[PDB]
Amino acid sequence: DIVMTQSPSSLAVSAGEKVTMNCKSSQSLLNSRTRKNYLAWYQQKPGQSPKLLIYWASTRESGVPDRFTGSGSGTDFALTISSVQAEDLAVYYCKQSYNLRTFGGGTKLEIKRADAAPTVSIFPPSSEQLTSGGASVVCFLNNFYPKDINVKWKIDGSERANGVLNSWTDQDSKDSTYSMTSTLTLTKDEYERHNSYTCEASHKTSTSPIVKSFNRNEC
Amino acid sequence: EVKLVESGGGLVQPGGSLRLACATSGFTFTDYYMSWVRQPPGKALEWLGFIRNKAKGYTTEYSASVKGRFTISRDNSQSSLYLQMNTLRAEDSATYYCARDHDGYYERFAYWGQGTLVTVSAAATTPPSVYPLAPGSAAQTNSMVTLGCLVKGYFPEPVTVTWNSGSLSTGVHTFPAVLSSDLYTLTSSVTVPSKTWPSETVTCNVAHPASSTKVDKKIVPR
Ligand SMILES: C=CCO[C@]1(C(=O)O)C[C@@H](O)[C@@H](O)[C@@H]([C@H](O)CO[C@]2(C(=O)O)C[C@@H](O)[C@@H](O)[C@@H]([C@H](O)CO)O2)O1
Ligand SMILES: [Zn+2]
């Protein structure tokens, strides 16, 4: 019954800039006996376990960079990053331990950087997959920014939307780019009725779609 | 060094039970409260409970979301911590973490394990098909070349993908799995110097712990 809320839910900041994120509790976390606020901050980078950054509101855990500062008291707390680095991409959670423990819902910190065009690679179905009756054609759209991007598939010059699934990665911790995979899955029998397989990428960095394709006759 | 390692996660039927374990080393175990925290895929952390230290007679407390349904216990002879879950439902699908908690003074979870993923579902375990993604000859003319592995048709999560047993680590993108027809599919790409391939080998190593699957697939020129 202590409700923790964090603000904003997400935001994007460029390297070098300051970031402020906020944490509110439904009830004071100031313990009268010890005169400390029982409020910790944790950083969870993509695919990793949460790591402790700050506890008792303002105490920085050893080994945490100096650019992280906790502040606040009672029901209102903040985590401020003085100068953002690409590696700071993460979700940041506050947590009370005044009465049992309760996490806030997190603030997702994304990194803004300069626009970048994707590198596009296309791959035909493997002979292993084909022997078993299936045919997946895969296209990677790698290291681009910002996240929005559109892929079009053409089979013998005509567009196909059925059986196309897309998946974006989380932002990269080193270059702040996104990557996306587009997989078109057909049956072997349908795959074999056509020749030209084309993955087309449309991203704000060019009015020209990036086009990669292969021809079944060529292998 | 301090070490915490969860085990026991995997697929369990709705209404079933599952016990997780957390093995610790590298600190005086009985001095610490220990907590369990879970995280549904893509969602926020949720604190579930703790068991106190020796000084406070090892008693337990639970969040309201799980009180009466989950039990925490510890083995102080082996420095191990347990979470027994009963009557599992879909909302319980999550990565579960053990974390070192209060030592009677400090208010912080100073250490966390890597977490173990629990999936609550009636679907059957299905091992992945792993297919090589070899670059077209048209795509081998540049400084950098991109290879991949398609890991199709498995259930439950997770799978791991490394390249050359983990020695190729930069320039890798492993894409989040997509679920369809109650099977997951994901792919991974690695981009290397054209110098290195096909002259030196590139192999993706896929494991699917729920079916004890281990696969290496060597990417060969087509
Ligand atoms: C003031 C009475 C007791 O304080 C101590 C003690 O001196 O024995 C020391 C405090 O640090 C705390 O450990 C309390 C007591 O064990 C309760 O500690 C918890 C608890 O519920 O077990 C957990 C703590 O993290 C914190 O949430 C406290 C809460 O501040 C109430 O004291 O409760 O014992
Ligand atoms: Zn009690």
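Here is the naming used below: chain letters follow the sequence lines, and residue numbers restart at 1 for every chain. Remember, it's 1-based here, ligands and their atoms both numbered in the order they're listed. Reckoned from all heavy atoms, side chains included, excluding hydrogens, waters and symmetry mates.
- At a distance under 4.0 Å, no protein heavy atom can be found next to atom 33 (O) of ligand 1.
- Aromatic rings from A/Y145 and A/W168 are positioned such that their centres are separated by 6.0 Å or more.
- For atom 6 (C) of ligand 1, the nearest protein heavy atom lies closer than 4.0 Å.
- When each atom of ligand 1 is checked for a heavy atom of A/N31 under 4.0 Å away, the hits are 30 (O).
- For ligand 1, the polar-atom distance check finds no N/O of A/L100 at less than 3.5 Å from any of the ligand's N/O atoms.
- In this structure, a donor-acceptor pair under 3.5 Å is present between the side chains of A/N143 and B/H173.
- Looking at ligand 1, you'll find an N or O of B/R52 within less than 3.5 Å of one of its N or O atoms.
- Using cut-offs of 30° and 60° for the angle between ring planes, the A/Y92 and A/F68 rings count as tilted.
- Closest protein heavy atom to atom 13 (O) of ligand 1: B/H102 NE2, 2.8 Å.
- Under 3.5 Å, the side chains of B/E107 and A/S97 contain a donor-acceptor pair of N or O atoms.
- The nearest heavy-atom contact from the protein to atom 9 (C) of ligand 1 is B/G104 O, 3.7 Å.
- Side-chain polar atoms of B/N205 and B/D216 form a donor-acceptor pair below 3.5 angstrom.
- The shortest N/O to N/O separation between B/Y105 and ligand 1 does not fall below 3.5 Å.
- Residue A/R33 approaches ligand 1 through these ligand atoms, each under 4.0 Å from one of its heavy atoms: 1 (C), 4 (O), 9 (C), 10 (C), 11 (O).
- Counted by atom type alone, A/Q44 and B/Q39 present one or more donor-acceptor pairs between their side chains at under 3.5 Å.
- Counting the atoms of ligand 1 from 1 in the order shown, those under 4.0 Å from a heavy atom of B/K56 are 5 (C), 6 (C), 8 (O), 14 (C), 15 (C), 16 (O), 34 (O).
- Side chain to side chain, A/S136 and A/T185 meet the donor-acceptor criterion of an N or O pair below 3.5 Å.
- Under 4.0 angstrom from ligand 1, the non-hydrogen atoms of A/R101 all belong to its side chain.
- Less than 4.0 angstrom separates atom 28 (C) of ligand 1 from none of the non-hydrogen atoms of the protein.
- For the pair B/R100 and B/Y111, the cation does not sit on the ring face, since its NZ or CZ is not both under 6.0 Å from the ring centre and inside 45° of the axis.
- Remark: minimum distance from atom 30 (O) of ligand 1 to any protein heavy atom is reached at A/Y38 CE2, 3.3 Å.
- Looking at B/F109, B/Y106, B/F50 one by one, the single match for ring-ring contact (aromatic ring centres under 6.0 Å, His included) with B/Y33 turns out to be B/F50.
- With a 4.0 Å cut-off on non-hydrogen atoms, B/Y33 touches ligand 1 through its side chain and not its backbone.
- Summarising the geometry, atom OG1 belonging to B/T213 is positioned 12.0 Å from atom OH belonging to B/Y154; distances are rounded to the nearest 0.5 Å.
- If you check which protein heavy atom lies closest to atom 31 (C) of ligand 1, you get A/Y98 O, 4.6 Å.
- With hydrogens and angles left out, the side-chain atoms of A/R67 and A/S83 include no donor and acceptor closer than 3.5 Å.
- Looking at B/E61 against ligand 1, nothing comes within 4.0 Å, counting heavy atoms.
- Minimum-distance N/O/S atom of B/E61 relative to the Zn ion (ligand 2): OE2.
- Although no hydrogens or angles enter the test, the distance criterion places a donor-acceptor pair under 3.5 Å between the side chain of B/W36 and the main chain of B/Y82.
- Remark: atom 21 (O) of ligand 1 lies closer than 4.0 Å to at least one protein heavy atom.
- Applying the 4.0 Å criterion to heavy atoms of B/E107 picks out, from ligand 1, the atoms 24 (C), 25 (O), 26 (C).
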